[PDB]
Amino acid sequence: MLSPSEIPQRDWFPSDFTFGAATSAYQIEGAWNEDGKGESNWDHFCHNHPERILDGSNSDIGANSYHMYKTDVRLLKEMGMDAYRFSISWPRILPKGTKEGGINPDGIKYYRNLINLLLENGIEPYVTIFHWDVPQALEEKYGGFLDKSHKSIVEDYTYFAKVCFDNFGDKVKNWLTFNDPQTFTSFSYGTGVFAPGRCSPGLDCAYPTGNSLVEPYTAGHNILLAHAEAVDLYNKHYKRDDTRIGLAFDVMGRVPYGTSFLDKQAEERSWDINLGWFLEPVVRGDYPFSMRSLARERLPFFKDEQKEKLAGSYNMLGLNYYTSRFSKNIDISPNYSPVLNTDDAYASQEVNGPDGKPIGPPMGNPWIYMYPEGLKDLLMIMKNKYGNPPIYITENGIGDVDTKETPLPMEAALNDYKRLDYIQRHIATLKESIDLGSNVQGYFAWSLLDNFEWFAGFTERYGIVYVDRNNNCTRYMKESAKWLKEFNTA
């Protein structure tokens, strides 16, 4: 729907700006139990609770990228992508998740080959160390990130990072410790829609014996400690002048529902519980004041030493942006009691504004509404409030619904103009944000490939590249990929 002069041009951005595509291990790799790979929390969840996956599927094969990585690289190369962000499977590297469990040589070999091939083709690898795939051995031993000691998971995650640094550090110049920590903690232990599927008694999830008001925070605390530790290790023994490390946050833009100053306050609390939760700790060493005043004793305290390691523990930050919501105020009162950790923001997140209209056009699936302006707001907040650090939009895209009840014909799947329009608009927003002073340095189209979508299973295709699972996971560029190719190679 954009005019020719509105369609982003590569020369709109600096020569050193980077464009790429991204993926996550469990979503695309497959070979879930091959070549020594250990079982992950997701293998476990999908295998034991198909009823918790919309289409009862699993990612035993995913996009088969473990075996087809060479093709994934060819595709990235043909599109002229400057970089590729992928994650490393913790259990594929450490089957038992620990040092004593030993390192899986085949796991190391796979990522080593992928990294070299990428670099061989002039593509920069942005390596995400962890993308929700916790080794089931750690889950069973101490609950994974639910580790009440704030020690075991931290040490185990740190060793995992070490193994990644030791084996790929000479080639990798860009590391991301965690990806979407907020969604991980909230969905895995709040609503329990993600593995292992825990939530408060009374709530509907596989294991309603957790605490949706506490476990998400415990896990979040351990993630931050893990991040801080991994970064301290990186800086002390692996960082080089031109290498960088950080983490990527999942974030929905927030806009005051109404004009009342109350909604502005609600909006502020929403940015805090969504973005600040993990951003403020790495920026200043502690959680947002709002969260501490609201979650109170349910939000763990950091030791002074931990605050120090946390503050400034990054050289760049990733932002995973898809949509935004209107934040509507909720007063503290005897009539309201938070149920989910996310309810601690005392604000309902609305899709429709007070005028009954969606914040932005629906992109197809249950939650993505196109609102590029939210990305700008986000970038302006990063610029003006959090020190304008180097930013990478590590994820941005939409999911095309493709269900058994309503299959998406391959032809229609390839003509993803809605996705194309969406991507172009957000890329344009970056150009605008850059001129406004934003220190954004890159954009990664989310999902190089159509793959497993967690609890949504295979009901959505997020790739810019189509994967025909019925035919040996053959990949085909969608219109979006073709435009990105043109854009990059112009």
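Position 1 is the first residue in the sequence shown; the rest follow in order.
Q: Tell me which stretch has the larger mean Cα B-factor in this entry, 402-410 or 294-302.
A: Higher mean C-alpha B-factor in the PDB entry: 402-410.
Q: Using only the Cα atoms and their B-factors as the entry lists them, report which of 270-278 and 350-358 averages higher.
A: Higher mean C-alpha B-factor: 350-358.
Q: By the entry's C-alpha temperature factors, tell me which of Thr128, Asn222, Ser260, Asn320 sits highest.
A: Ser260 has the highest C-alpha B-factor of those listed.
Q: Once the chain's modelled residues are ordered by C-alpha B factor and cut into thirds, is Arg461 in the lowest, middle or highest one?
A: Its C-alpha B-factor belongs to the middle third of this chain's values.
Q: Based on the deposited C-alpha B factors for this chain, I'd like to know if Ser24 is in the lowest, middle or highest third.
A: It falls in the bottom third of the chain.
Q: Within this chain, which third does the Cα B-factor at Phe289 fall in: lowest, middle or highest?
A: Its C-alpha B-factor belongs to the lowest third of this chain's values.
Q: Please place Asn64 in the lowest, middle or highest third of its chain according to the CA B-factor in the PDB entry.
A: CA B-factor rank for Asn64: highest third.
Q: Please place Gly102 in the lowest, middle or highest third of its chain according to the CA B-factor in the PDB entry.
A: Highest third of the chain for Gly102's C-alpha B-factor.
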